[PDB]
Every structure is written in C-alpha cells, then in structure tokens.
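One chain is shown next in structure tokens, namely the form deposited in one PDB entry.
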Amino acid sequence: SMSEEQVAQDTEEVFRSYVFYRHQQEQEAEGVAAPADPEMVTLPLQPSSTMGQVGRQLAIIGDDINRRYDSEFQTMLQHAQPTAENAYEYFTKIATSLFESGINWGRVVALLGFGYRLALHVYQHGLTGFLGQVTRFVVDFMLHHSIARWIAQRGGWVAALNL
C-alpha cells in the first residue's frame, strides 16, 4: 500500500522526468524555445522506471486544460519576473492560490508544469540554473499541503495516468 512518504519520494523522480520531456517537446515546435538549464535537459538515469514513465506521459498530454494552465503560467511569469532571490515566495504564492479551493488531478499536474516554467524562467535571466531548488519547492509543497497524501489515497503517482 502507498504511503504519503513514498509519494513524496516519487515526486522528485516524476518531476525530473516531467521537465526533461516538457523541454524536449518545447524544442519540437516553432520558434527557438528559451534555452534550458543543462540539468533540466539531462536525461534521467533511469528514464524507463515507473516514475520516469509517469513523468514522461504527464508531460506529453497536450489536452486543452494543460495548455490553458501553461499559457497562464507563462503570462504570469512574464509579468512577475521572479528571480532566484524571490522565487521561493513567488512559488509559494502561486501554488497556494492554485490549491486553495481544492485538490484535483488537473491541479496536481499543473503544479509540475508551473515548476517546469519557473525553473526555466529563473535560468534565463539568472546567473545559473535553479532546478534543484524548484524541485524542493514542489516536493515540499505537495507534502506539506496534503497533496502527497491525496495522491497516496488514490494509488500513488501511477494513478495520475488513469482515464
């Protein structure tokens, strides 16, 4: 049976695979795509692990709700221009607002997308990459805000792929 702690550990692996595949897809597009941090563009050590495959599948859903979340995150980041010095507080504001009226799978996956976009943003304008920090923000938020528990109740991260 799936524990909240196991879900929290799995979140790091899901997120790292997710960001790799999000940026792979972004390059396969029109335009050049913002440069990504070499860490974000490094293939996971075990891309075919269960959590690697979950992150991959979540990144390649191009349904309308995911594209809507992504566009709104982009717009917010372009306006707010967070930096490495204030990205923690920015992340906490956006994530807390997103879940304030409840948890659902679309919002869980949207938080991975926001982490991807926040890490990519800070890298552009910043002195270096910020992927490890954003990973900690996402993992810790999901644990503290009872999202890891919510996922565990539903069977763990693999349940994000169910219809």
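Residues carry their position along the shown sequence, with the first being 1. So that the term is clear: the rigid core is the largest set of C-alpha atoms that superpose within 1.5 Å between two forms.
Stretches 2 to 10 and 153 to 161 differ in mean CA B factor, with 2 to 10 having the higher one. In this entry, 25 to 33 shows the higher mean Cα temperature factor of the pair 113 to 121 and 25 to 33. Listed residues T128, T96, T135, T50 were ranked by CA B-factor as deposited; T128 comes out on top. Listed residues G62, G102, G55, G106 were ranked by CA B-factor as deposited; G62 comes out on top.
Only in words, not in the display: the form deposited in another entry, which the text now covers.
Core-superposed comparison between the shown form and the other one: among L120, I94, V54, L112, the single residue whose C-alpha moves by 2 Å or more is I94. A displacement of less than 2 angstroms separates the C-alpha positions of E26 between the shown form and the other one, with the rigid core held in common.
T135: CA moves less than 2 Å between the shown form and the other one after rigid-core fitting.
Panel note: the distance between the CA atoms of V54 and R68 is smaller in that other deposited form than in this form, the difference being 3 Å or more. Panel note: the distance between the CA atoms of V138 and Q81 is larger in that other deposited form than in this form, the difference being 3 Å or more.
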